[PDB]
Amino acid sequence: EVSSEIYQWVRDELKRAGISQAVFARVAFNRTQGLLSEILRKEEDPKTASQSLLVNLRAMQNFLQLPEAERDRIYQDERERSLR
DNA sequence: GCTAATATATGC
DNA sequence: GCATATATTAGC
């Protein structure tokens with residue numbers, strides 16, 4: 001399942017890696033910036049969260065479990081990718 | 001449920 | 001004020 005701390009963990013990660021919502025939204029759960037923004041604003045309790053949300057949150061949780069180094073390379077690649 | 005567009009906000 | 005980032009929400 002998903003932890004109710006996911007929202008804090010995502011906020012913690014954005015700050016740590018100094019990345020934008022767009023970059024994280026794409027690589028972590030394949031969605032756009034505005035969606036992540038709303039997801040973060042609402043901060044819905046995962047226990048009353050729709051299955052669509054749960055899919056997005058679990059995808060974010062799994063991505064955060066990757067090694068720090070791997071997540072950093074992935075962010076960098078996405079930056080260059082959109083840079084084009 | 002989302003994306004894409006764009007009004008606002010933020011870091012220099 | 002330029003370059004990006006984030007908040008909003010119309011249209012699919």
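So that the names make sense, note that chain A is the first sequence line, chain B the second, and so on, each numbered from 1. The analysis underlying the following values was restricted to heavy atoms, covering all of them including side chains, and did not include hydrogens, waters or symmetry mates.
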Inset, instruction - Take the angle between the ring planes of A:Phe24 and A:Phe63 and call it parallel below 30°, perpendicular above 60°, tilted in between. - result: perpendicular
Legend entry - Whole-Å distance separating the NZ atom of A:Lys15 from the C1' atom of B:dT10: 15 Å
Inset, instruction - Take atom CG of A:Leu57 and atom P of B:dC2, then tell me their distance rounded to the nearest Å. - result: 10 Å
Legend entry - Basic-acidic side-chain contact under 4.0 Å: A:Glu68, A:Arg16: yes
Legend entry - Of A:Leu83 and A:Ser37, the one whose closest DNA chain C nucleotide lies more 5': A:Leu83
Legend entry - Atom-to-atom span, CG of A:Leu54 to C1' of B:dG1 - whole angstrom: 14 Å
Legend entry - Nearest-Å distance for atom pair CZ/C1', residues A:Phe29 and B:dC2: 10 Å
Inset, instruction - Rounded to the nearest angstrom, tell me the gap between atom NZ in A:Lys42 and atom P in C:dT8. - result: 12 Å
Legend entry - Whole-Å distance separating the CZ atom of A:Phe24 from the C1' atom of C:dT6: 16 Å
Inset, instruction - Take atom CD of A:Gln51 and atom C1' of B:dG1, then tell me their distance rounded to the nearest Å. - result: 13 Å
Legend entry - Side chain of A:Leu35 (C-beta onward), nearest among C:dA5, B:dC2, B:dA5: B:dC2
Inset, instruction - Counting heavy atoms from C-beta on, name the nucleotide in C:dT9, B:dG1, B:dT3 closest to the side chain of A:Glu38. - result: C:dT9
Legend entry - Proximity to the side chain of A:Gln33 - top-ranked nucleotide from C:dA7, B:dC2, C:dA5: C:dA7
Inset, instruction - Please check the phosphate of C:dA7 (OP1 and OP2 only) for any side-chain N or O of A:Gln21 closer than 4.0 Å. - result: yes
Inset, instruction - Look at the side-chain N and O atoms of A:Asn30 and state whether any lies under 4.0 Å from the OP1 or OP2 oxygen of B:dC2. - result: no
Legend entry - Criterion side-chain contact (heavy atoms from CB on, under 4.5 Å) against A:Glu44, the qualifying member of A:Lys42, A:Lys47, A:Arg41: A:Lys42
Inset, instruction - In plain terms, say whether A:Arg31 and A:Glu38 are close enough for a salt bridge, that is, a side-chain N and a carboxylate O under 4.0 Å apart. - result: no
Inset, instruction - Go through the steps for A:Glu13 and A:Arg71 under the test salt bridge (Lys or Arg N to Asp or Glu O under 4.0 Å), then give the verdict. - result: CA-CA 10 Å; A:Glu13 180 66 3; A:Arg71 305 202 307 278; 2.9 Å; yes
Inset, instruction - Would you kindly give the CG-to-P distance between A:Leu14 and B:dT10, to the nearest whole Å? - result: 16 Å
Inset, instruction - Could you check whether A:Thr32 gets within reach of a base, just the sugar-phosphate, or nothing at all, counting any heavy atom under 4.0 Å? - result: base
